[PDB]
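Heads up, the thing below is written out as structure tokens.
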Amino acid sequence: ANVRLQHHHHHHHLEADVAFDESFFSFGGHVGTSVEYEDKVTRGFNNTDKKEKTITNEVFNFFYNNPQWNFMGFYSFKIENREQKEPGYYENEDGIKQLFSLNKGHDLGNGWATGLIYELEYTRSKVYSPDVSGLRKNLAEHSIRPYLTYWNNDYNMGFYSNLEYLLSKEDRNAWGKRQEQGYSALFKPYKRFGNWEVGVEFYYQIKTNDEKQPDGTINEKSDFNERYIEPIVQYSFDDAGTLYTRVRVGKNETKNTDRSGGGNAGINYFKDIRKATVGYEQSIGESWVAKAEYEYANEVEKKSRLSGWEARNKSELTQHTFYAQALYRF
């Protein structure tokens with residue numbers, strides 16, 4: 001699932017007959033632009049620093065929805081540039097990323113609703129390194145999410161919930177193929193009181209990883225699971241903006257099979273995750289919505305057994321993300 005979009009799906013629901021022809025011209029929504037800067041330092045098992053910098057230019061993001069139809073959609077176009085530096089290596093990656101999302105809802109009455117989300121992200125990119133010049137990578141990520149919601153007006157509480165089937169298939173030409181397949185479940189109880197909103201996201205995911213070289217040699221065959229809990233608090237100022245924060249605490253595990261490629265056969269990876277986001281959103285006059293967001297992320301990984309080459313059983317990622325967004329409503 002696309003994280004930024006998923007929060008739109010959640011909170012648009014909270015925003016809550018003519019003939020087809022008139023209805024066809026009754027979509028509202030927005031058109032907008034964003035920029036995201038991501039500063040990544042990973043101190044891996046080699047005890048050295050892998051530094052990564054990514055700028056994402058969203059030239060167009062399109063939200064459209066039709067209340068009578070109980071139907072929303074989303075399209076996105078992004079240009080992506082990544083530079084990676086580490087001792088004795090570098091890697092530059094340029095890409096175009098498209099996102100398609102469809103949401104069909106259904107009102108079940110008395111607070112209940114249900115629906116289907118289908119979401120598609122295609123990414124194509126070229127990589128430049130000392131060893132490679134213009135290696136093509138094609139990523140297709142499919143996300144199908146049936147959901148179920150409830151809201152109660154007397155108590156101004158409810159929840160969001162969904163399952164997800166997730167499929168990602170990346171082709172990296174000379175570097176082989178990687179397919180990830182899996183399921184997840186999300187439960188998100190939520191409550192509003194005065195200018196406050198509060199919720200907690202509960203999440204679980206189980207996934208399968210398969211990565212082969214072109215000649216069919218197995219790089220990785222592994223099982224993965226993740227869980228996290230993420231409280232969210234939010235406060236709207238009477239005049240007028242909205243400040244919000246998310247804190248995530250999570251764990252995941254990657255357990256390699258006997259068949260896993262050099263040299264991870266039967267090796268387990270354990271990762272502790274901690275994330276913090278602060279954001280502020282404000283409408284400007286009647287049409288424009290502006291948004292800025294900062295996220296800190298820290299992830300620490302250890303493996304079940306050292307193979308022999310590692311300088312330390314510890315791999316730590318520190319990540320800063322900055323995001324700005326301007327949206328024009330219609």
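Given a Förster distance of 35 Å, report the FRET efficiency between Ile79 and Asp131 from their Cβ-Cβ distance, rounded to the nearest 0.05.
Efficiency, from the Cβ-Cβ distance: 0.90.
Give, as ranges by residue number, the residues of the stretch 219-249 whose backbone N falls under 16 Å from the point 7 Å along Cα→Cβ of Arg305.
none
From the residues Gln319, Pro231, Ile284, which one has its Cα farthest along the dipole of the chain in the positive direction, the dipole being from +1 and -1 charges on Cβ of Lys/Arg and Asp/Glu about the Cα centre?
Working it through, the farthest residue towards the positive pole turns out to be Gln319.
Label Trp288 and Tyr89 with points 7 Å out from Cα along Cα→Cβ: what is the distance between them in nm?
Spacing of the two 7 Å Cα→Cβ label points: 4.4 nm.
Would you calculate a helix-derived [θ] at 222 nm for the chain, using -39,500 (n - 2.57) for each DSSP H run of n ≥ 4 and dividing by the full residue count, to the nearest 500?
Helices in the chain give a 222 nm mean residue ellipticity of -1500 deg cm²/dmol.
Write out the chymotrypsin sites (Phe, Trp or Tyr not before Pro) in the stretch 17-78 meeting two conditions: DSSP loop, and at most 11 other Cβ atoms within 10 Å of their Cβ.
Of the chymotrypsin sites (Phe, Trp or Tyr not before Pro), the ones in loops of the stretch 17-78 whose Cβ has at most 11 other Cβ atoms within 10 Å are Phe25.
Taking the Cα centre of each part, how many Å lie between the stretch 214-259 and the stretch 139-199?
Rounded to whole Å, the Cα centres lie 11 Å apart.
Within the stretch 262-330, list the GluC sites (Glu not before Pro) lying in a DSSP loop whose Cβ has at most 13 other Cβ atoms in a 10 Å radius.
Sites meeting the loop and neighbour criteria: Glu286.
Let a ≥ b ≥ c be the square roots of the eigenvalues of the Cα gyration tensor of the chain; is it rounded (a/c under 1.5), or, if not, prolate (a/b larger than b/c) or oblate?
Prolate.
Values quoted throughout were computed directly from the atomic coordinates according to the rules given, and no laboratory measurement underlies them. Cβ: placed from backbone, ideal geometry, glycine included. Neighbour counts: every protein chain shown.
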